[PDB]
Amino acid sequence: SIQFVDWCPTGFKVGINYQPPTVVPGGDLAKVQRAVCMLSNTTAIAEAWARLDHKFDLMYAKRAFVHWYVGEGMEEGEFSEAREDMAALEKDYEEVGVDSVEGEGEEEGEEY
Amino acid sequence: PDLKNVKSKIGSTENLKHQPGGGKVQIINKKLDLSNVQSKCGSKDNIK
């Protein structure tokens, strides 16, 4: 129920060191015999990148603040170049969420 | 605004021709030829 991608055949990596976490003065952690860093690659962040790309759109539609950048010698074509790249990403993060489905329609059984 | 066309890059959409395809296996068996063979002692005809 901690959902991995459906396609996943393998999806963990391990690493182990003897040194524990260390206390710094002024610090905020408790002193402990053991610890874990974790890095997770996941499809979920992509919706938070739609939040930011919608926060881009809503200003760009108003050319809000745009002049601060054109005068620096880059274009309004250079916003849309970088904007079109966020769309290729949004649309590929969708693709790596896919349940290995590559079909076109849907199909049904016998019910009453 | 308008984006006209945009698409994903790069994964399962670029794989759709190559399965890959499978194969076939076989045994791994023979016989031997027995057609030359006779017993190497042989006195019973000496009844003659």
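Here Swiss-Prot sets the residue numbers for chain A, with the shown residues being 340-451 in order.
Looking at the header, which is where the method is noted, we find electron microscopy, 4.1 Å.
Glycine is no exception: its Cβ is also placed from the backbone N, Cα and C atoms.
As recorded in Swiss-Prot:
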- A:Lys370: ubiquitin cross-link (CROSSLNK)
- A:432-451: region 'Disordered' (REGION)
- A:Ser439: phosphoserine (MOD_RES)
- A:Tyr451: 3'-nitrotyrosine (MOD_RES)
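Everything Swiss-Prot records as a feature, shown here on the structure.
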residue: A:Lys370; record: ubiquitin cross-link; CB count, 10 Å: 9
residue: A:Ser439; record: phosphoserine; CB count, 10 Å: 9
residue: A:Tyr451; record: 3'-nitrotyrosine; CB count, 10 Å: 2
Other parts of the chain folded back onto the region 'Disordered' (A:432-451), taken as Cβ under 8 Å at six or more residues beyond its ends: 344-346, 382, 385, 388
Rounded to the nearest Å - Cα separation of the residue listed as 'ubiquitin cross-link' and A:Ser439 (phosphoserine): 45
Spatial separation of A:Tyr451 (3'-nitrotyrosine) from the residue listed as 'phosphoserine' - C-alpha basis, Å: 30
The region 'Disordered' (A:432-451) - residue tally per DSSP class, helix then strand then coil: 3 helix, 0 strand, 17 coil
Conformational class of A:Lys370 (ubiquitin cross-link) under the three-state DSSP mapping: coil
